[PDB]
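There are 2 protein chains.
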Amino acid sequence: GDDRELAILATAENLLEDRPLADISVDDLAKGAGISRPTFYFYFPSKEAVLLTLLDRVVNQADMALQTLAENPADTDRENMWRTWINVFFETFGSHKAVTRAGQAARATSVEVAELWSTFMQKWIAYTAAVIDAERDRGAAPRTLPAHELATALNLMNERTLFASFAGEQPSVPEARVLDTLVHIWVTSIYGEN
Amino acid sequence: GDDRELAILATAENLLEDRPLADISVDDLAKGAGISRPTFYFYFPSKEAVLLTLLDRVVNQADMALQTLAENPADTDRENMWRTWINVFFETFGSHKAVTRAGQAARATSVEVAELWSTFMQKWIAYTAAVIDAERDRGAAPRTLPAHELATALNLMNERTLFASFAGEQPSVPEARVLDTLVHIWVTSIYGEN
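Respectively, the protein sequence lines represent chains A and B. Taking UniProt numbering, the leading residue of the first sequence gets 22, the next gets one more, and so forth. Taking UniProt numbering, the leading residue of the second sequence gets 22, the next gets one more, and so forth.
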């Protein structure tokens, strides 16, 4: 039942490590998960749809892991807060790299993926904005940019800066030194007057 | 001769406004530029290759426009310098939006496009890094992040922040208020101590 479903997915993920969706056939995922062609079609209606579901696993992994953090305020200095917020991306997407990458690539095509990714970003940008407003009201950060706008840029930086490093792009900040980077950019711009 | 070539391209660009490469045929670009199917193939060996050449026009437009600026130091305060540097992106890519978008989308596929875009970024990040080192040596910016690393993140933010706004994404900073945004992020992080 679900046994079968999950293998389709685990297999989806592992063939994705070394090659893009396109050059993975549909008998590719079947053969791997040890099921017949049409046994697959019962479970997922197209390969695109497999990739969708895995991305969904990942995003929610990162959604959930992110809300736990929100509800558990770490007890630390503002800089070490932001870092620990940002890190939850580095750890999640930085674990399922293969899916992470393909997901991004296929925003181009899937109006479903484009949506799925958008929704999550809006959620966290809005939340991030919410923080900054509060950081300004607690008095500890000054009122320079519209918060929601700042957040968007900062968050979009992350999405791109992070996924550049994962795919190991040319050019890109190495996994090691990233974070410290974004984190630095986050503090200096949130708390910075001029 | 070149008459014919250029029309293929102008047409390439205008059909791209309202729909993606994929759903533009090859008789699409011919019919538009008023030439026969194989007359086209003499000029460009595939549609992908048309898109390549237009992206090249744009990048170099922005490359050139960017080096003029470099060689003509604007006479203004550091903040109004960075802005006028960044603006040269907003104006270029923000003019050929259609090409700008498709180019990005098709980094996924074209190892030629991926290269073409990379090279340009490396160039400007390296240059941007070069500035910051100097800004630190003239004493006016403090030595916090490795410059080249900072530059990368800042530049990758731009690429993504900008092209999000162009395609008018959900979520994205509106064209109006962008710049002021990135610019703010640039100053606060370059000149910011903590």
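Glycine residues also receive a C-beta, built at the ideal position from the N, C-alpha and C atoms.
Residue i (DSSP reduced to helix, strand or coil)
i	result
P167(A)	coil
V194(A)	coil
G53(B)	helix
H205(A)	helix
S139(A)	helix
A151(B)	helix
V199(A)	coil
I45(B)	coil
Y212(A)	coil
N93(B)	coil
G189(B)	coil
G115(B)	coil
Whole-angstrom distance between residue j and residue i, CA atom to CA atom
i	j	result
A135(A)	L76(A)	11 Å
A83(B)	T113(B)	6 Å
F65(A)	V71(A)	6 Å
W103(A)	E190(B)	25 Å
residue 217(B)	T140(B)	There is simply no residue 217(B) to check, as chain B begins at 22 and stops at 215 in what is shown.
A162(A)	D49(A)	53 Å
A188(B)	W145(B)	23 Å
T149(A)	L30(B)	43 Å
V194(A)	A54(A)	36 Å
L183(A)	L87(A)	16 Å
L171(A)	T202(B)	7 Å
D24(A)	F110(A)	29 Å
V79(A)	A185(B)	23 Å
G213(B)	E156(B)	12 Å
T89(A)	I45(B)	46 Å
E34(B)	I56(B)	17 Å
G124(A)	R159(A)	38 Å
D96(A)	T165(B)	25 Å
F63(A)	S131(A)	21 Å
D98(A)	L137(B)	42 Å
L200(A)	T60(A)	43 Å
Cross-chain neighbours of residue i in chain A, by beta carbon under 7 Å
i	result
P192(B)	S139, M142, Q143, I146, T173
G213(B)	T209, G213
Inter-residue CB distance, residue i and residue j (contact presumed, cutoff 8 Å)
i	j	result
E100(B)	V208(B)	5 Å
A51(A)	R58(A)	5 Å
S116(A)	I206(B)	Contact doesn't hold; Cβ gap of about 28 Å is too wide.
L27(A)	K68(A)	Between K68(A) and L27(A) the Cβ distance is about 16 Å, and since that is not below 8 Å, they are no contact.
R181(A)	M178(B)	7 Å
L37(B)	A129(B)	Wrong, their Cβ atoms sit about 16 Å apart, outside the cutoff.
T173(A)	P192(B)	6 Å
Under 9 Å from the C-beta of residue i: neighbouring residues of chain B
i	result
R198(A)	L166, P167, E170
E180(A)	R181
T202(A)	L166, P167, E170, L171, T173, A174
Partners in chain A for residue i, counting only beta-carbon separations shorter than 9 Å
i	result
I107(B)	Ordered by position in chain A, no residue passes the 9 Å Cβ test against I107(B), which lies about 12 Å from the chain.
Closer than 7 Å: residue i CB and nearest the ligand MN heavy atom
i	result
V204(B)	With respect to the ligand MN, the structure offers nothing, as it holds no ligand at all.
Chain-ordered chain B contacts of residue i [CB-CB under 7 Å]
i	result
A185(A)	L177
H205(A)	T165, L166, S210
Self-check item: Residues, ordered as in the chain, of the stretch 150 to 163 of chain A that lie near chain B by beta-carbon distance below 8 Å
Solution: none
Quiz item: For the stretch 86 to 101 of chain A, which residues have a CB atom closer than 9 Å to at least one CB atom of chain B, in sequence order?
Solution: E100
Quiz item: When you check each C-beta in the UniProt domain "HTH tetR-type" (23 to 83) of chain A against every C-beta of chain B, which residues fall closer than 7 Å?
Solution: none
Quiz item: When Cβ atoms are compared, which residues of the stretch 120 to 135 of chain B fall closer than 7 Å to chain A?
Solution: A126, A129
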